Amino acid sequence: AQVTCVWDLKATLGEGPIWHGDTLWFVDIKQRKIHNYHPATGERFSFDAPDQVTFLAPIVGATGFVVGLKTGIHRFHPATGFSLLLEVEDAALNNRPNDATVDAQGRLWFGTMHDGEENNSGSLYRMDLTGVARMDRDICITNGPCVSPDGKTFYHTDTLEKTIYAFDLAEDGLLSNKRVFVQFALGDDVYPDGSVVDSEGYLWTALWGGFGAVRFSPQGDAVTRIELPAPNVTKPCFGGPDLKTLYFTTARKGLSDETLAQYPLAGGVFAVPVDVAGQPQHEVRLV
């Protein structure tokens, strides 16, 4: 259908969109901002973060959000700012968190990455009521943790290796039976960024350098591709009254001034109606 640039925000690294409280929340990692977009009114709110902020997740029985800062996992509320919840990694790695999801058990799955985007020092983490467990390792840029509606399949992306993996997800939160789900052969400079799983179990993957997003069947076959006037698309997010408005964050990061003049809406927020609803956002169980 028609794609609308609903917020010509020109973010440096728009990322981590979630639908919460009937509005769209997301981040600009590199401008260190949390953004909030109210589609019903067009109202926009922005909050400064004391470090790069990479993901947002709401909390069971509590206000505010748990967020990924470069310095660790924090609680955030607009009224009180940021407070450290826990550190996950040696700061010496020059890592930062990146993408995250909340599964149906209130577990927060989030990745880390080399902030310099060169070292294979990133990991996957599972944060729940039993603590924080390292689930995978040795990945330069992690991305797009997500779970299927039935809770039995978990997807995770190695962006620079152009590969999405699928795992069996057990009821105690353990992973097994890792296998290639999709390896990207869509162009020299096209990499999978963030992904979400829709209500039918199909995977939507935003394309870095691919000017859009691709919907994949549970068997790993592309069924639909959405074009946006922005070379780097970072993550999809289902929102709107019935989770049938697919929002996308995008990024100006990595694009030359010439390319930005050619694609000036890069870094904007885009919305397109789709036929299959997304999954409802889950809240993290912190205690």
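One rule holds for the numbers: they count along the sequence shown, beginning at 1.
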{"query": "Stretch exceeding the other in mean C-alpha B-factor - 184-192, 79-87", "finding": "79-87"}
{"query": "Stretch with the greater mean C-alpha B-factor as recorded in the entry, comparing 206-214 against 148-156", "finding": "148-156"}
{"query": "Per the PDB entry, maximal CA B factor within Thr249, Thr54, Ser256, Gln31", "finding": "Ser256"}
{"query": "Maximum C-alpha temperature factor, selected from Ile73, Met113, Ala166, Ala104", "finding": "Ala104"}
{"query": "Chain thirds of CA B-factor: placement of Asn98", "finding": "lowest"}
{"query": "Among modelled residues of the same chain, the CA temperature factor third for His35", "finding": "middle"}
{"query": "CA B-factor ranking of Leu265, expressed as a third of its chain", "finding": "lowest"}
{"query": "Record-listed C-alpha B factor of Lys235: chain third", "finding": "lowest"}
{"query": "Ranked against its chain, the third holding the CA B-factor of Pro273", "finding": "highest"}
